[PDB]
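> I'm passing along target27.tsv; it holds TSV, C-alpha atoms and all ligand atoms.
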```tsv
chain	number	residue	atom	x	y	z
A	5	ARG	CA	6.40	26.31	-20.19
A	6	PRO	CA	10.17	26.20	-20.83
A	7	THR	CA	11.80	26.27	-24.24
A	8	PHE	CA	13.56	23.08	-25.22
A	9	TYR	CA	16.44	22.32	-27.53
A	10	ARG	CA	17.34	19.00	-29.18
A	11	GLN	CA	20.67	17.10	-29.47
A	12	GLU	CA	22.24	13.70	-30.25
A	13	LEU	CA	23.46	11.84	-27.13
A	14	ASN	CA	23.62	8.13	-26.33
A	15	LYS	CA	22.48	7.38	-29.91
A	16	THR	CA	19.21	9.29	-29.58
A	17	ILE	CA	17.73	12.78	-29.66
A	18	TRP	CA	17.26	14.43	-26.26
A	19	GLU	CA	14.88	17.37	-26.05
A	20	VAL	CA	15.42	19.14	-22.70
A	21	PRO	CA	14.78	22.59	-21.22
A	22	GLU	CA	17.19	25.52	-22.03
A	23	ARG	CA	18.21	25.76	-18.38
A	24	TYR	CA	20.17	22.48	-18.45
A	25	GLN	CA	23.50	22.86	-20.22
A	26	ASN	CA	26.72	20.86	-20.80
A	27	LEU	CA	25.13	17.40	-21.03
A	28	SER	CA	27.81	14.72	-20.86
A	29	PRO	CA	27.00	10.96	-20.79
A	30	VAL	CA	27.77	8.91	-17.67
A	37	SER	CA	20.89	6.55	-20.04
A	38	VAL	CA	22.19	9.21	-17.68
A	39	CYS	CA	23.96	12.52	-18.40
A	40	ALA	CA	25.68	15.08	-16.17
A	41	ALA	CA	24.55	18.61	-16.78
A	42	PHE	CA	24.57	22.02	-15.18
A	43	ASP	CA	21.25	23.52	-14.18
A	44	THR	CA	21.86	27.18	-15.01
A	45	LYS	CA	18.65	28.27	-13.27
A	46	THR	CA	19.63	26.91	-9.87
A	47	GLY	CA	23.40	26.61	-10.24
A	48	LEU	CA	23.52	22.86	-9.55
A	49	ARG	CA	25.32	20.12	-11.28
A	50	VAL	CA	22.67	17.56	-11.98
A	51	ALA	CA	22.08	14.14	-13.51
A	52	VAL	CA	19.46	13.73	-16.24
A	53	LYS	CA	18.10	10.24	-16.96
A	54	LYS	CA	16.25	9.66	-20.18
A	55	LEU	CA	13.94	6.71	-19.86
A	56	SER	CA	14.30	3.82	-22.27
A	57	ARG	CA	11.00	3.60	-24.29
A	58	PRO	CA	8.91	4.36	-21.26
A	59	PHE	CA	5.48	3.18	-22.68
A	60	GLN	CA	6.13	0.51	-25.36
A	61	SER	CA	4.57	-2.19	-23.11
A	62	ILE	CA	2.55	-2.59	-19.91
A	63	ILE	CA	5.68	-3.76	-18.02
A	64	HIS	CA	7.65	-0.73	-19.24
A	65	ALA	CA	4.82	1.66	-18.41
A	66	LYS	CA	4.36	0.33	-14.87
A	67	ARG	CA	8.15	0.46	-14.20
A	68	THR	CA	8.25	4.03	-15.50
A	69	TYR	CA	5.43	4.90	-13.12
A	70	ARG	CA	7.06	2.93	-10.24
A	71	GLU	CA	10.29	4.83	-10.65
A	72	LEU	CA	8.65	8.25	-10.76
A	73	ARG	CA	6.44	7.39	-7.75
A	74	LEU	CA	9.48	6.29	-5.76
A	75	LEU	CA	11.56	9.32	-6.61
A	76	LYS	CA	8.74	11.80	-5.86
A	77	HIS	CA	8.40	10.21	-2.44
A	78	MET	CA	12.03	10.05	-1.24
A	79	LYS	CA	13.10	13.17	0.66
A	80	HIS	CA	16.16	12.16	2.60
A	81	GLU	CA	19.78	13.47	2.53
A	82	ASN	CA	21.28	9.96	1.94
A	83	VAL	CA	18.69	8.91	-0.62
A	84	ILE	CA	18.56	10.19	-4.17
A	85	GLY	CA	15.58	12.54	-4.51
A	86	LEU	CA	13.91	14.18	-7.45
A	87	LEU	CA	14.79	17.76	-8.56
A	88	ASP	CA	12.78	17.89	-11.80
A	89	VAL	CA	10.78	15.73	-14.12
A	90	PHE	CA	9.93	16.91	-17.63
A	91	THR	CA	8.77	15.88	-21.09
A	92	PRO	CA	8.85	17.73	-24.42
A	93	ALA	CA	5.22	16.70	-25.11
A	94	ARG	CA	2.45	19.33	-24.89
A	95	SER	CA	-0.39	16.80	-24.27
A	96	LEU	CA	-1.03	13.27	-23.04
A	97	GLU	CA	-1.93	12.45	-26.63
A	98	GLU	CA	1.70	12.94	-27.74
A	99	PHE	CA	3.33	12.07	-24.37
A	100	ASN	CA	6.08	9.63	-25.22
A	101	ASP	CA	9.34	10.60	-23.42
A	102	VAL	CA	10.31	10.97	-19.74
A	103	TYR	CA	13.32	12.73	-18.13
A	104	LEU	CA	14.21	12.63	-14.42
A	105	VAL	CA	16.64	15.10	-12.83
A	106	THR	CA	18.60	14.58	-9.58
A	107	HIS	CA	21.68	15.87	-7.80
A	108	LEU	CA	24.86	14.92	-9.60
A	109	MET	CA	27.15	13.48	-7.02
A	110	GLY	CA	30.24	12.97	-9.18
A	111	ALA	CA	31.31	9.39	-8.40
A	112	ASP	CA	30.32	6.05	-6.98
A	113	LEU	CA	31.83	4.13	-4.13
A	114	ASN	CA	33.95	2.19	-6.65
A	115	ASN	CA	35.52	5.30	-8.09
A	116	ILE	CA	36.25	6.36	-4.56
A	117	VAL	CA	37.64	3.36	-2.75
A	118	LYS	CA	39.70	2.40	-5.85
A	119	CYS	CA	40.80	-0.88	-4.31
A	120	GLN	CA	42.44	1.01	-1.47
A	121	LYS	CA	41.92	0.60	2.22
A	122	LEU	CA	39.99	3.38	4.01
A	123	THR	CA	40.53	4.66	7.50
A	124	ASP	CA	38.22	3.44	10.16
A	125	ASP	CA	36.75	6.95	10.62
A	126	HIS	CA	36.10	7.19	6.94
A	127	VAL	CA	34.45	3.78	6.97
A	128	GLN	CA	32.12	4.83	9.84
A	129	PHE	CA	30.95	7.94	8.10
A	130	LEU	CA	30.28	6.09	4.81
A	131	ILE	CA	28.45	3.16	6.37
A	132	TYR	CA	26.49	5.39	8.80
A	133	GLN	CA	25.17	7.32	5.83
A	134	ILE	CA	24.22	4.11	4.05
A	135	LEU	CA	22.39	2.86	7.10
A	136	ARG	CA	20.75	6.21	7.79
A	137	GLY	CA	19.42	6.08	4.21
A	138	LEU	CA	18.31	2.46	4.50
A	139	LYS	CA	16.30	3.14	7.70
A	140	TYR	CA	14.38	5.78	5.75
A	141	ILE	CA	13.63	3.59	2.78
A	142	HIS	CA	12.91	0.52	4.90
A	143	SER	CA	10.45	2.62	6.95
A	144	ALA	CA	8.48	3.19	3.72
A	145	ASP	CA	8.40	-0.62	3.25
A	146	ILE	CA	10.81	-0.50	0.30
A	147	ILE	CA	13.82	-2.76	0.02
A	148	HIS	CA	16.74	-2.07	-2.27
A	149	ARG	CA	17.49	-5.66	-3.17
A	150	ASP	CA	20.65	-4.88	-4.99
A	151	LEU	CA	22.73	-2.64	-2.85
A	152	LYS	CA	26.34	-2.36	-4.02
A	153	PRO	CA	29.16	0.17	-4.50
A	154	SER	CA	28.07	1.33	-7.98
A	155	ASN	CA	24.61	2.17	-6.49
A	156	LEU	CA	26.06	4.54	-3.89
A	157	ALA	CA	26.72	7.99	-5.27
A	158	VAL	CA	29.34	9.97	-3.42
A	159	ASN	CA	30.84	13.48	-3.18
A	160	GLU	CA	34.28	14.94	-3.03
A	161	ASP	CA	33.07	15.76	0.50
A	162	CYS	CA	32.02	11.97	0.91
A	163	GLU	CA	28.30	12.79	1.26
A	164	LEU	CA	26.50	9.67	0.05
A	165	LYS	CA	23.19	8.92	-1.63
A	166	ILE	CA	21.68	5.51	-2.41
A	167	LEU	CA	20.47	4.89	-5.98
A	168	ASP	CA	18.10	2.43	-7.74
A	169	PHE	CA	16.20	1.11	-4.67
A	170	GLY	CA	12.83	-0.72	-5.24
A	185	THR	CA	27.57	-7.80	-9.80
A	186	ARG	CA	26.57	-10.69	-7.52
A	187	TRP	CA	29.23	-10.04	-4.89
A	188	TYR	CA	27.06	-8.02	-2.39
A	189	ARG	CA	23.92	-9.99	-2.91
A	190	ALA	CA	22.14	-11.70	-0.05
A	191	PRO	CA	22.40	-15.52	-0.23
A	192	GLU	CA	18.61	-15.95	-0.23
A	193	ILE	CA	18.19	-13.63	-3.29
A	194	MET	CA	20.66	-15.78	-5.09
A	195	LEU	CA	18.72	-18.88	-4.06
A	196	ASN	CA	15.32	-17.51	-5.21
A	197	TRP	CA	13.88	-17.73	-1.70
A	198	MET	CA	11.03	-15.29	-2.49
A	199	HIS	CA	9.98	-13.73	0.81
A	200	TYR	CA	12.63	-11.13	1.34
A	201	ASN	CA	13.35	-9.42	4.55
A	202	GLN	CA	14.59	-5.88	4.58
A	203	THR	CA	17.80	-7.37	6.04
A	204	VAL	CA	18.81	-8.49	2.53
A	205	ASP	CA	20.18	-4.94	2.28
A	206	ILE	CA	21.95	-5.39	5.57
A	207	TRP	CA	23.88	-8.38	4.14
A	208	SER	CA	24.95	-6.09	1.28
A	209	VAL	CA	26.12	-3.42	3.73
A	210	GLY	CA	28.26	-5.99	5.54
A	211	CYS	CA	29.89	-6.89	2.23
A	212	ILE	CA	30.54	-3.24	1.43
A	213	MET	CA	31.85	-2.33	4.87
A	214	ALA	CA	34.36	-5.22	4.90
A	215	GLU	CA	35.66	-4.19	1.47
A	216	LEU	CA	36.16	-0.61	2.57
A	217	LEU	CA	38.09	-1.89	5.60
A	218	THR	CA	40.38	-4.35	3.73
A	219	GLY	CA	40.55	-3.04	0.12
A	220	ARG	CA	39.28	-6.31	-1.36
A	221	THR	CA	36.03	-8.01	-2.22
A	222	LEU	CA	34.83	-10.13	0.74
A	223	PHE	CA	33.18	-12.73	-1.53
A	224	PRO	CA	34.45	-12.63	-5.08
A	225	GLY	CA	32.74	-15.77	-6.37
A	226	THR	CA	33.60	-16.78	-9.93
A	227	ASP	CA	30.00	-17.70	-10.57
A	228	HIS	CA	26.78	-18.49	-8.76
A	229	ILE	CA	27.88	-21.59	-6.88
A	230	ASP	CA	31.37	-20.33	-5.96
A	231	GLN	CA	29.79	-17.26	-4.36
A	232	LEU	CA	27.65	-19.44	-2.10
A	233	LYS	CA	30.75	-21.55	-1.42
A	234	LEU	CA	32.81	-18.55	-0.29
A	235	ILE	CA	30.00	-17.32	1.93
A	236	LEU	CA	29.65	-20.66	3.70
A	237	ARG	CA	33.40	-20.84	4.26
A	238	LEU	CA	33.26	-17.61	6.21
A	239	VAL	CA	29.93	-17.87	7.98
A	240	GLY	CA	30.07	-21.66	8.33
A	241	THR	CA	27.36	-24.17	7.54
A	242	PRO	CA	23.76	-23.32	8.34
A	243	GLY	CA	22.76	-23.98	11.90
A	244	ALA	CA	19.94	-26.03	13.35
A	245	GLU	CA	17.55	-23.15	13.83
A	246	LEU	CA	18.03	-22.20	10.22
A	247	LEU	CA	17.59	-25.73	8.90
A	248	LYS	CA	14.18	-26.08	10.39
A	249	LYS	CA	12.91	-23.12	8.35
A	250	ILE	CA	13.80	-25.04	5.15
A	251	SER	CA	11.01	-27.16	3.66
A	252	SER	CA	12.87	-29.26	1.05
A	253	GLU	CA	14.48	-32.35	2.58
A	254	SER	CA	16.70	-32.75	-0.47
A	255	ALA	CA	18.04	-29.24	0.07
A	256	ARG	CA	18.40	-30.08	3.72
A	257	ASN	CA	20.18	-33.38	3.16
A	258	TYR	CA	22.58	-31.82	0.72
A	259	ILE	CA	23.49	-29.27	3.37
A	260	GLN	CA	24.01	-31.62	6.28
A	261	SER	CA	25.96	-33.74	3.84
A	262	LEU	CA	28.73	-31.17	3.22
A	263	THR	CA	31.86	-30.94	5.32
A	264	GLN	CA	30.96	-29.43	8.66
A	265	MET	CA	32.29	-25.89	8.57
A	266	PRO	CA	32.47	-23.96	11.75
A	267	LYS	CA	31.78	-20.23	11.53
A	268	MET	CA	35.16	-18.52	10.99
A	269	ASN	CA	36.61	-16.09	13.55
A	270	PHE	CA	35.98	-12.59	12.25
A	271	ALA	CA	39.39	-11.38	13.56
A	272	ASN	CA	41.46	-13.45	11.05
A	273	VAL	CA	40.09	-11.78	7.95
A	274	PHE	CA	39.97	-8.40	9.70
A	275	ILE	CA	43.33	-8.25	11.45
A	276	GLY	CA	43.85	-4.88	13.16
A	277	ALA	CA	40.29	-3.63	12.63
A	278	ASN	CA	38.37	-1.74	15.23
A	279	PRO	CA	36.87	-4.54	17.33
A	280	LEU	CA	33.58	-2.55	17.25
A	281	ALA	CA	33.72	-2.95	13.45
A	282	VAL	CA	34.22	-6.70	13.69
A	283	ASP	CA	31.27	-6.88	16.15
A	284	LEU	CA	28.89	-5.06	13.81
A	285	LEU	CA	30.01	-7.18	10.88
A	286	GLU	CA	29.32	-10.36	12.87
A	287	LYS	CA	25.81	-9.08	13.41
A	288	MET	CA	25.29	-8.21	9.71
A	289	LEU	CA	26.66	-11.24	7.84
A	290	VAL	CA	24.46	-13.86	9.49
A	291	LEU	CA	22.98	-16.40	7.11
A	292	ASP	CA	19.63	-16.32	8.83
A	293	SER	CA	17.99	-13.09	7.64
A	294	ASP	CA	15.73	-13.05	10.69
A	295	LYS	CA	18.74	-12.81	13.00
A	296	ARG	CA	20.53	-9.97	11.22
A	297	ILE	CA	20.72	-6.54	12.80
A	298	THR	CA	18.27	-4.02	11.26
A	299	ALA	CA	19.23	-0.58	9.88
A	300	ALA	CA	17.82	1.31	12.90
A	301	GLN	CA	19.54	-1.07	15.33
A	302	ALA	CA	22.86	-0.71	13.50
A	303	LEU	CA	22.76	3.11	13.68
A	304	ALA	CA	22.59	2.79	17.48
A	305	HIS	CA	25.62	0.44	17.53
A	306	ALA	CA	28.72	1.79	19.33
A	307	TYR	CA	30.83	1.77	16.14
A	308	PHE	CA	28.78	4.81	15.14
A	309	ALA	CA	28.96	6.76	18.43
A	310	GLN	CA	30.61	9.80	16.88
A	311	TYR	CA	27.98	10.31	14.12
A	312	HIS	CA	24.82	8.91	15.74
A	313	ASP	CA	22.03	11.34	16.60
A	314	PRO	CA	18.78	9.61	17.43
A	315	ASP	CA	16.75	12.70	16.64
A	316	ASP	CA	18.25	13.24	13.14
A	317	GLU	CA	17.69	9.80	11.59
A	318	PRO	CA	14.32	10.29	10.02
A	319	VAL	CA	11.72	7.83	8.73
A	320	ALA	CA	9.59	8.28	5.64
A	321	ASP	CA	6.06	9.38	5.28
A	322	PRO	CA	3.97	6.30	4.51
A	323	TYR	CA	4.22	5.35	0.83
A	324	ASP	CA	1.19	4.16	-1.08
A	325	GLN	CA	2.25	1.06	-2.94
A	326	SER	CA	-1.34	0.01	-3.77
A	327	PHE	CA	-0.61	0.42	-7.50
A	328	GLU	CA	1.82	-2.57	-7.24
A	329	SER	CA	-0.92	-5.16	-7.08
A	330	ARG	CA	-2.88	-3.54	-9.94
A	331	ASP	CA	-3.13	-4.93	-13.46
A	332	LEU	CA	-4.08	-1.94	-15.68
A	333	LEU	CA	-3.96	-1.06	-19.32
A	334	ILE	CA	-0.94	0.57	-20.84
A	335	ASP	CA	-2.86	3.82	-21.49
A	336	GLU	CA	-3.80	3.88	-17.78
A	337	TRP	CA	-0.20	3.60	-16.61
A	338	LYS	CA	0.83	6.18	-19.17
A	339	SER	CA	-1.89	8.54	-17.94
A	340	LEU	CA	-1.04	8.06	-14.26
A	341	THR	CA	2.56	8.88	-15.07
A	342	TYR	CA	1.47	11.93	-17.08
A	343	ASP	CA	-0.52	13.15	-14.09
A	344	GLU	CA	2.51	12.85	-11.72
A	345	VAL	CA	4.79	14.73	-14.12
A	346	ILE	CA	2.19	17.50	-14.32
A	347	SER	CA	1.70	17.71	-10.51
A	348	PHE	CA	5.42	17.89	-9.76
A	349	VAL	CA	6.54	20.68	-7.47
A	350	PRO	CA	10.29	21.23	-7.36
A	351	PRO	CA	11.54	21.03	-3.77
A	352	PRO	CA	12.87	24.14	-1.86
B	401	LIG	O1	29.85	12.99	-12.38
B	401	LIG	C1	29.94	11.82	-12.74
B	401	LIG	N1	30.52	11.48	-13.91
B	401	LIG	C2	31.13	12.50	-14.74
B	401	LIG	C3	32.30	11.89	-15.47
B	401	LIG	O2	33.39	11.78	-14.53
B	401	LIG	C4	29.31	10.79	-12.05
B	401	LIG	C5	29.90	9.53	-11.97
B	401	LIG	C6	29.24	8.50	-11.31
B	401	LIG	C7	28.00	8.77	-10.70
B	401	LIG	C8	27.42	10.02	-10.80
B	401	LIG	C9	28.06	11.03	-11.48
B	401	LIG	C10	26.19	10.36	-10.26
B	401	LIG	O3	26.15	11.31	-9.50
B	401	LIG	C11	25.04	9.59	-10.56
B	401	LIG	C12	23.82	10.26	-10.48
B	401	LIG	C13	22.62	9.63	-10.77
B	401	LIG	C14	22.62	8.27	-11.18
B	401	LIG	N2	21.52	7.54	-11.51
B	401	LIG	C15	20.25	7.96	-11.53
B	401	LIG	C16	19.28	7.16	-10.96
B	401	LIG	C17	17.93	7.51	-10.98
B	401	LIG	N3	16.89	6.82	-10.44
B	401	LIG	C18	17.05	6.09	-9.30
B	401	LIG	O4	18.10	5.99	-8.70
B	401	LIG	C19	15.98	5.44	-8.81
B	401	LIG	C20	15.02	4.87	-9.51
B	401	LIG	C21	14.07	4.30	-8.75
B	401	LIG	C22	14.28	4.42	-7.44
B	401	LIG	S1	15.64	5.20	-7.32
B	401	LIG	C23	17.58	8.68	-11.63
B	401	LIG	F1	16.39	8.99	-11.66
B	401	LIG	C24	18.53	9.50	-12.24
B	401	LIG	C25	19.87	9.14	-12.21
B	401	LIG	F2	20.77	9.93	-12.77
B	401	LIG	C26	23.85	7.61	-11.29
B	401	LIG	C27	25.06	8.25	-10.97
B	401	LIG	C28	26.20	7.38	-11.10
B	401	LIG	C29	27.37	7.69	-10.11
B	402	LIG	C1	23.80	-21.72	1.60
B	402	LIG	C2	22.96	-20.45	1.83
B	402	LIG	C3	21.84	-20.73	2.82
B	402	LIG	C4	21.06	-19.42	2.87
B	402	LIG	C5	20.15	-19.44	4.05
B	402	LIG	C6	19.58	-18.04	4.02
B	402	LIG	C7	18.46	-17.95	5.02
B	402	LIG	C8	17.80	-16.64	4.69
B	402	LIG	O1	17.03	-16.41	5.82
B	402	LIG	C9	15.71	-16.71	5.59
B	402	LIG	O2	15.20	-15.62	4.85
B	402	LIG	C10	13.83	-15.85	4.52
B	402	LIG	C11	13.28	-14.72	3.74
B	402	LIG	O3	14.25	-14.30	2.79
B	402	LIG	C12	13.05	-15.91	5.79
B	402	LIG	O4	11.69	-16.09	5.52
B	402	LIG	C13	13.58	-17.03	6.62
B	402	LIG	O5	12.90	-16.99	7.81
B	402	LIG	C14	15.01	-16.76	6.90
B	402	LIG	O6	15.54	-17.83	7.67
B	403	LIG	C1	23.76	-24.52	-2.67
B	403	LIG	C2	22.37	-25.15	-2.38
B	403	LIG	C3	21.59	-24.37	-1.31
B	403	LIG	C4	20.07	-24.74	-1.47
B	403	LIG	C5	19.19	-24.22	-0.32
B	403	LIG	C6	17.78	-24.05	-0.93
B	403	LIG	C7	16.71	-23.97	0.16
B	403	LIG	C8	15.79	-22.77	-0.10
B	403	LIG	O1	14.52	-23.17	-0.61
B	403	LIG	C9	13.63	-22.19	-0.22
B	403	LIG	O2	13.02	-22.69	0.98
B	403	LIG	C10	11.99	-21.84	1.44
B	403	LIG	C11	11.52	-22.17	2.85
B	403	LIG	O3	11.46	-23.60	3.00
B	403	LIG	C12	10.90	-21.99	0.46
B	403	LIG	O4	9.77	-21.23	0.85
B	403	LIG	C13	11.39	-21.40	-0.81
B	403	LIG	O5	10.39	-21.63	-1.77
B	403	LIG	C14	12.65	-22.07	-1.31
B	403	LIG	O6	13.24	-21.21	-2.27
```
Would you put the structure from the file into structure tokens?
Ligand SMILES: O=C(NCCO)c1ccc2c(c1)C(=O)c1ccc(Nc3cc(NC(=O)c4cccs4)c(F)cc3F)cc1CC2
Ligand SMILES: CCCCCCCCO[C@@H]1O[C@H](CO)[C@@H](O)[C@H](O)[C@H]1O
Ligand SMILES: CCCCCCCCO[C@@H]1O[C@H](CO)[C@@H](O)[C@H](O)[C@H]1O


Amino acid sequence: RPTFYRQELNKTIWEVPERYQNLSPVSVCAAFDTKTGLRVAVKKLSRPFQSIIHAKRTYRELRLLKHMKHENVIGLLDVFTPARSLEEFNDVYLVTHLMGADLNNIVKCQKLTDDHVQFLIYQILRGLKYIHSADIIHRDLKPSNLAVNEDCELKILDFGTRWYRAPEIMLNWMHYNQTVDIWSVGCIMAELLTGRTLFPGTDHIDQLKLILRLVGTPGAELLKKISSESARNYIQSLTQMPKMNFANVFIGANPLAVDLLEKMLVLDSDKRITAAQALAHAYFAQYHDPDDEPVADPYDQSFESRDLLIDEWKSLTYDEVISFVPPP
């Protein structure tokens, strides 16, 4: 059992093992793991077991992180608690690789080279194939959720502000496809290529307005998957927007880029390219290796439909902390 030491950070006492030094806020903190020589990120959970909803989300997060073992997905390096028993088990800390920046801090409103864009988006997609294969969707993919290196190695965070969001999430559709994350990728890719936000809506309705201007009004196939006739009649009522030509916004882009984007930013989520399909697109020829794009082991999400007592969630979480084996 390690020896801990306490300290004030983010307006609260953090008790962590000796090995982790130089905690600096980023609630998350950067640190240096002196035992393994890694810069790491330490997340202290916000009141993990005050309520049943808190306790389940604590458990969800730990279950997800213990499962993910992929180079482009944030994985778990340690999980600890200063408590010596379940009885006094009240705090949870999760440790991961510290990447250093996010895709915002990187791009910095500048335009990236096409090669650089390929490598970044390929990594995103490679990571999404993995997580999608475990039947997990991100739901909120965006630049500040993509942690990146000085070397540009990328890892996705917080899987399972409204600029990268699929139009159906925004409209409370409720039966999401994994291609909601593909919409977000399209938004990210286009921003990397031009230096600007593709859809910088001022609010909810302006966002949907800017989308429709680019992608045009919903088609006939799409309309017949919409139940509400009032929703339908409002739509067919609007000015009839043709889909825009993807060249005009992306002038001088690799035409393979424009092709992939056309396949990603399709209103109809059923008609969007999937992560695995996108990896095999020609835009990625220089990075694509079909035998190094792995899928996940199947992930038991049977706890999601359970309604249990707070002490049950808290105990399940305690068990997973106690069974944790650091990776190699
Ligand atoms: O080094 C940095 N700042 C120093 C000041 O310049 C820095 C700046 C930005 C970023 C990181 C590091 C960085 O590497 C980083 C690392 C982890 C992180 N979030 C984070 C997220 C999670 N959990 C999750 O992502 C998931 C929960 C559920 C499924 S995934 C976690 F368990 C621990 C974490 F630390 C956010 C970030 C944010 C991006
Ligand atoms: C003005 C914006 C119109 C948005 C139309 C988005 C259509 C989203 O696509 C819909 O996604 C649903 C699940 O999310 C699927 O069940 C539907 O089959 C699919 O058509
Ligand atoms: C800017 C106004 C756009 C409104 C479009 C709303 C239509 C989405 O309505 C969605 O239709 C689905 C399939 O019929 C239903 O299952 C969902 O409950 C509903 O959210």

> Between A:122, A:27, A:40, A:303, which residue has the minimum interatomic distance to residue A:13, considering all atoms listed in the file?

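Among A:122, A:27, A:40, A:303, it is A:27 that comes nearest to residue A:13.
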
> Could you give me, as a ChimeraX atom specification, the residues within 12 Å of stretch 63-67 of chain A, counting all atoms listed in the file and dropping anything in the same chain fewer than 3 positions from it?

/A:55-60,70-74,100-102,170,327-342

> Can you write out as a tab-separated table which residues of chain A fall within 7 Å of ligand LIG 402 (chain B), alongside each residue's closest atom pair and its distance in Å to one decimal, counting only C-alpha atoms and all ligand atoms and ordering rows by chain and ascending residue number?


```
residue	atom	partner	partner_atom	distance
A:191	CA	B:LIG402	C4	5.2
A:192	CA	B:LIG402	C6	4.8
A:197	CA	B:LIG402	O3	5.7
A:198	CA	B:LIG402	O3	6.3
A:199	CA	B:LIG402	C11	4.5
A:200	CA	B:LIG402	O3	3.8
A:201	CA	B:LIG402	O3	5.3
A:232	CA	B:LIG402	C1	5.8
A:236	CA	B:LIG402	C1	6.3
A:242	CA	B:LIG402	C3	6.4
A:246	CA	B:LIG402	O6	5.6
A:249	CA	B:LIG402	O6	5.9
A:291	CA	B:LIG402	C6	4.9
A:292	CA	B:LIG402	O1	4.0
A:293	CA	B:LIG402	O1	3.9
A:294	CA	B:LIG402	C14	5.4
```

> For the residues in that selection, give me C-alpha atoms as a PDB file, in the coordinates of the input.


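Result file is result.pdb:
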```
ATOM      1  CA  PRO A 191      22.400 -15.520  -0.230  1.00  0.00           C
ATOM      2  CA  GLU A 192      18.610 -15.950  -0.230  1.00  0.00           C
ATOM      3  CA  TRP A 197      13.880 -17.730  -1.700  1.00  0.00           C
ATOM      4  CA  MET A 198      11.030 -15.290  -2.490  1.00  0.00           C
ATOM      5  CA  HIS A 199       9.980 -13.730   0.810  1.00  0.00           C
ATOM      6  CA  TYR A 200      12.630 -11.130   1.340  1.00  0.00           C
ATOM      7  CA  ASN A 201      13.350  -9.420   4.550  1.00  0.00           C
ATOM      8  CA  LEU A 232      27.650 -19.440  -2.100  1.00  0.00           C
ATOM      9  CA  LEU A 236      29.650 -20.660   3.700  1.00  0.00           C
ATOM     10  CA  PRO A 242      23.760 -23.320   8.340  1.00  0.00           C
ATOM     11  CA  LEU A 246      18.030 -22.200  10.220  1.00  0.00           C
ATOM     12  CA  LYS A 249      12.910 -23.120   8.350  1.00  0.00           C
ATOM     13  CA  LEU A 291      22.980 -16.400   7.110  1.00  0.00           C
ATOM     14  CA  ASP A 292      19.630 -16.320   8.830  1.00  0.00           C
ATOM     15  CA  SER A 293      17.990 -13.090   7.640  1.00  0.00           C
ATOM     16  CA  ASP A 294      15.730 -13.050  10.690  1.00  0.00           C
TER      17      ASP A 294
END
```

> Within 9 Å of ligand LIG 401 (chain B), which residues show up when you count all atoms listed in the file? List them as JSON, numbers by chain, please.

{"A": [28, 29, 30, 37, 38, 39, 40, 41, 49, 50, 51, 52, 53, 54, 55, 67, 68, 70, 71, 72, 73, 74, 75, 78, 83, 84, 85, 86, 103, 104, 105, 106, 107, 108, 109, 110, 111, 112, 113, 115, 148, 154, 155, 156, 157, 158, 159, 165, 166, 167, 168, 169, 170]}

> Once 3 Å is added on each side, what are the centre and the three edge lengths, in Å to one decimal, of the axis-aligned box enclosing the listed atoms of stretch 71-87 of chain A? Present them as AutoDock Vina command-line options.


```
--center_x 13.9 --center_y 11.3 --center_z -4.1 --size_x 20.8 --size_y 18.9 --size_z 19.4
```
